[PDB]
């Protein structure tokens, strides 16, 4: 006898991001289409020896939050955003891909207390509704990209318990978590931290690695199948792995990518580490030649360094390429769009998968049928005239 209520939590890369690039213009965003805005990112002053941002190496601020000048300027504009949407909640997200400092911040009673005091200071100075922690990743360290240790799992739980205790009542505490099956298994005690969190943002994207073609497929593709088992991911598979770990669906937001990736399979041999003499016997081989890589390079995407392509750029540069080099397709099993480019020999080559309005609506339908709490998306600056956010708002009744 009543309808559901859903979240739509939009990350916004305002300060700049390691993989997504320099920050966007906050003034472009339509904040009426979202329930929550995760302004990204605050960073962490840290003593990691490999830290290359010298601002973060200030020893007098160790374990506190760093806000760049652009982040501080953008956060000044919150009163304007709140007037636009009086129901909007605004959090600062701390961390992001490659962001150092969480392992050390979490490590001791003393370090945690410094970090928590800094969270409290920032929330009060900028009048935030809460804080989102995007630690990529406890225990795993993103495969050595940031410092990590096995104690990170338990220390993250302590940090969240203590931060929950320190936050004013009514403030929000949220986190983002990885797609990798090891995240709920080994990196993060999801069951243990659930009582401290308002909701959990699932990073159900960045799957176009190894032998997998699709970046954010809802279900596995059959036409374009992943070869190695350890690479075989889908948004639904990730959701089920988190549900198996004992999270309730209503606490979860399904992450949706407002971007695509050229699969690594296009340019790098795909290794199945479950095979004999694996590194010498790749199970997939690159199908881009210099011809294809040059097309992407000319558009500003150097595939030797990165594969990220914003949705707005997919629309302007790929779909609407004046030379008509890219053909749009739909994968009915995966429930997402993808583009092909024609090889010199005439064969369609899988160039990139992404999300469009139809696929965003299908992920909203999944949210509704699975009883998830809502959607999250990365990130609003990559939308095309706020269209994907609008589709999500419409589909979820925001």
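Numbering follows the first chain given and starts at 1. Take the two forms, superpose them, and find the largest set of C-alpha atoms that agree within 1.5 Å; that set is the rigid core.
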*Out of 139-147 and 252-260, which shows the greater rigid core-aligned C-alpha deviation in 4 other deposited structures of this protein?*
139-147
*Line up the rigid core: which moves more in 4 other deposited structures of this protein, 120-128 or 272-280, by C-alpha RMS?*
272-280
*Out of 380-388 and 16-24, which stretch has the higher average CA B-factor listed in the record?*
16-24
_I need to verify one thing: averaged over C-alpha atoms only, is the B-factor higher for 84-92 or for 184-192?_
184-192
*Which is it among 347, 358, 63, 329: the one with the largest CA B-factor in the entry?*
347
*Largest Cα B-factor, entry values, listed residues 264, 100, 222, 325*: 222
*Considering only modelled residues of the same chain, in which third does the CA B-factor of residue 297 rank: lowest, middle or highest?*
highest
*Among all modelled residues of this chain, ranked by Cα B factor, put residue 29 in the bottom, middle or top third, i.e. lowest, middle or highest.*
highest
*Please rank the C-alpha B-factors of the chain's modelled residues and tell me whether residue 153 sits in the lowest, middle or highest third.*
lowest
*Thinking about Cα B factors across the chain, which third does residue 76 belong to?*
highest
*Which third of the chain holds residue 268 when residues are ordered by C-alpha B factor: lowest, middle or highest?*
highest
